[PDB]
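S.K.: Protein chains in written order, with the deposited numbering: chain B, 340 to 388; chain N, 727 to 775.
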């Protein structure tokens, strides 16, 4: 693991970049799902469908 | 007047969630965070031009 981290540092490779983007996108999913849940609580399942 | 109480609440009559929440707040007991009131009159004069 230490050798891999050294090589990643040399290569300027961000091993955590994909994970960071994934958590940002998961937060975006949560916020869009919150909006959809609000619209569903508001109009109802029948209306939205 | 003596005995009169004014309860100013934020409210969107265009959202059924607020409609239900306001009626629940009016009718819930004071212990449960409500008013413990039973409405004698309803005057729904809210509108938008």
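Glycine residues also receive a C-beta, built at the ideal position from the N, C-alpha and C atoms.
1. I think residue 743 (chain N) touches residue 380 (chain B), with their Cβ atoms under 8 Å apart; what is that distance to the nearest whole Å?
2. Output needed in chain order: residues of the stretch 743–755 of chain N with a Cβ under 9 Å from some Cβ in chain B.
3. Please state whether the Cβ-Cβ distance between residue 733 (chain N) and residue 761 (chain N) is less than 8 Å.
4. Which of the three DSSP states is assigned to residue 386 (chain B) in this structure?
5. Measure the Cβ-Cβ separation of residue 749 (chain N) and residue 763 (chain N) and say whether it is below 8 Å.
M.R.: Quick answer:
1. 6 Å
2. 743
3. yes
4. helix
5. no
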